[PDB]
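Participant: Below is target_4.cif; it holds mmCIF, N, CA and C atoms.
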```cif
data_final
loop_
_atom_site.label_atom_id
_atom_site.label_comp_id
_atom_site.auth_asym_id
_atom_site.auth_seq_id
_atom_site.Cartn_x
_atom_site.Cartn_y
_atom_site.Cartn_z
N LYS A 1 147.29 -8.40 110.68
CA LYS A 1 148.38 -8.65 111.68
C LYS A 1 148.71 -7.43 112.55
N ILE A 2 149.19 -6.35 111.95
CA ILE A 2 149.47 -5.15 112.75
C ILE A 2 148.13 -4.65 113.26
N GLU A 3 147.09 -4.82 112.44
CA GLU A 3 145.73 -4.41 112.79
C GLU A 3 145.22 -5.27 113.94
N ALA A 4 145.50 -6.58 113.87
CA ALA A 4 145.09 -7.53 114.90
C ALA A 4 145.82 -7.23 116.23
N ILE A 5 147.10 -6.87 116.13
CA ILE A 5 147.89 -6.53 117.30
C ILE A 5 147.33 -5.28 117.96
N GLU A 6 147.03 -4.27 117.15
CA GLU A 6 146.48 -3.01 117.64
C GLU A 6 145.10 -3.18 118.29
N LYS A 7 144.22 -3.92 117.62
CA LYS A 7 142.88 -4.15 118.13
C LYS A 7 142.96 -4.83 119.49
N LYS A 8 143.76 -5.89 119.57
CA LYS A 8 143.91 -6.63 120.81
C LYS A 8 144.51 -5.74 121.89
N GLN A 9 145.40 -4.85 121.49
CA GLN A 9 146.02 -3.96 122.46
C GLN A 9 145.03 -2.97 123.06
N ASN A 10 144.12 -2.44 122.25
CA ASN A 10 143.12 -1.50 122.76
C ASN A 10 142.26 -2.16 123.83
N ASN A 11 141.90 -3.43 123.61
CA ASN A 11 141.10 -4.22 124.55
C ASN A 11 141.85 -4.45 125.87
N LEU A 12 143.12 -4.81 125.75
CA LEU A 12 143.96 -5.04 126.93
C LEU A 12 144.01 -3.80 127.82
N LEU A 13 144.15 -2.63 127.21
CA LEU A 13 144.20 -1.36 127.94
C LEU A 13 142.89 -1.20 128.71
N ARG A 14 141.78 -1.51 128.06
CA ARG A 14 140.48 -1.39 128.70
C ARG A 14 140.31 -2.38 129.87
N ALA A 15 140.80 -3.61 129.70
CA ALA A 15 140.69 -4.60 130.76
C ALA A 15 141.55 -4.20 131.96
N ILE A 16 142.75 -3.70 131.70
CA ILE A 16 143.63 -3.28 132.78
C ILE A 16 143.04 -2.10 133.54
N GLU A 17 142.40 -1.19 132.82
CA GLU A 17 141.78 -0.03 133.43
C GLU A 17 140.66 -0.50 134.34
N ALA A 18 139.91 -1.48 133.86
CA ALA A 18 138.81 -2.04 134.61
C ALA A 18 139.29 -2.80 135.86
N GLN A 19 140.40 -3.53 135.75
CA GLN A 19 140.89 -4.27 136.91
C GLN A 19 141.49 -3.32 137.95
N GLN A 20 142.02 -2.21 137.46
CA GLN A 20 142.62 -1.17 138.28
C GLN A 20 141.55 -0.67 139.27
N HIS A 21 140.37 -0.38 138.73
CA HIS A 21 139.26 0.12 139.53
C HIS A 21 138.76 -0.93 140.51
N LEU A 22 138.58 -2.16 140.02
CA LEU A 22 138.11 -3.25 140.86
C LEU A 22 139.03 -3.40 142.06
N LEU A 23 140.34 -3.34 141.81
CA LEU A 23 141.33 -3.45 142.87
C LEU A 23 141.14 -2.36 143.93
N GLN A 24 140.99 -1.12 143.48
CA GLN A 24 140.81 -0.02 144.42
C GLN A 24 139.57 -0.28 145.27
N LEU A 25 138.56 -0.87 144.64
CA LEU A 25 137.33 -1.20 145.32
C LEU A 25 137.60 -2.25 146.42
N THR A 26 138.30 -3.33 146.06
CA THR A 26 138.61 -4.36 147.04
C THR A 26 139.47 -3.80 148.16
N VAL A 27 140.41 -2.93 147.81
CA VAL A 27 141.28 -2.33 148.82
C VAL A 27 140.42 -1.56 149.81
N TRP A 28 139.50 -0.77 149.27
CA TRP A 28 138.62 -0.01 150.13
C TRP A 28 137.73 -0.95 150.96
N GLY A 29 137.23 -2.02 150.34
CA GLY A 29 136.48 -3.01 151.09
C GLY A 29 137.23 -3.63 152.26
N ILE A 30 138.52 -3.88 152.06
CA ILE A 30 139.35 -4.46 153.10
C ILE A 30 139.60 -3.48 154.25
N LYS A 31 139.65 -2.18 153.92
CA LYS A 31 139.84 -1.14 154.93
C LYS A 31 138.60 -1.14 155.84
N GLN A 32 137.44 -1.36 155.24
CA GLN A 32 136.17 -1.41 155.96
C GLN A 32 136.06 -2.61 156.91
N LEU A 33 136.47 -3.80 156.45
CA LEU A 33 136.39 -4.99 157.28
C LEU A 33 137.37 -4.85 158.43
N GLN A 34 138.53 -4.30 158.12
CA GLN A 34 139.57 -4.08 159.10
C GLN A 34 139.02 -3.19 160.24
N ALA A 35 138.37 -2.09 159.88
CA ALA A 35 137.81 -1.17 160.88
C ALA A 35 136.74 -1.87 161.72
N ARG A 36 135.87 -2.63 161.05
CA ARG A 36 134.82 -3.35 161.75
C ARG A 36 135.35 -4.47 162.66
N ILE A 37 136.33 -5.23 162.19
CA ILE A 37 136.91 -6.28 163.00
C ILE A 37 137.60 -5.64 164.20
N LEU A 38 138.28 -4.51 163.95
CA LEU A 38 138.97 -3.80 165.02
C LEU A 38 137.99 -3.44 166.14
N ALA A 39 136.95 -2.66 165.81
CA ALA A 39 135.95 -2.25 166.80
C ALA A 39 135.43 -3.43 167.62
N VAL A 40 135.27 -4.58 166.97
CA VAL A 40 134.80 -5.79 167.65
C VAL A 40 135.84 -6.30 168.65
N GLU A 41 137.10 -6.36 168.21
CA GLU A 41 138.19 -6.79 169.10
C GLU A 41 138.24 -5.87 170.32
N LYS A 42 138.13 -4.56 170.10
CA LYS A 42 138.16 -3.60 171.19
C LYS A 42 136.95 -3.75 172.11
N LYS A 43 135.82 -4.15 171.53
CA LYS A 43 134.60 -4.34 172.30
C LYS A 43 134.75 -5.50 173.27
N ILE A 44 135.35 -6.60 172.82
CA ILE A 44 135.53 -7.76 173.69
C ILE A 44 136.90 -7.76 174.38
N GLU A 45 137.56 -6.60 174.38
CA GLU A 45 138.88 -6.43 174.98
C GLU A 45 138.80 -5.53 176.20
#
```
Show the structure stored in the file as structure tokens.
Facilitator:
Amino acid sequence: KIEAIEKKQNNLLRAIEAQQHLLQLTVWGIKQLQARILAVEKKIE
């Protein structure tokens, strides 16, 4: 029980750490699309 709670908790920490990184990745990806869409708007503007 306390062992089961602890084990599950260690995994949760790892999953959150992993999602943290994925998020930063998507954020950076969105900054890239934004820049590219911008240049296009300016090109046809």
Participant: So how many Å separate atom N of residue A:28 and atom CA of residue A:11, to one decimal?
Facilitator: 25.0 Å
Participant: Find the smallest box with edges along x, y and z containing every listed atom of stretch 36-41 of chain A, then add 8 Å on each side and report centre and edge lengths in Å to one decimal, as JSON.
Facilitator:
```
{"center_x": 136.9, "center_y": -4.5, "center_z": 165.7, "size_x": 20.2, "size_y": 20.5, "size_z": 25.3}
```
Participant: Report the distance between atom CA of residue A:31 and atom N of residue A:17 in Å, rounded to one decimal place.
Facilitator: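 Interatomic distance, atom CA of residue A:31 to atom N of residue A:17: 22.3 Å.
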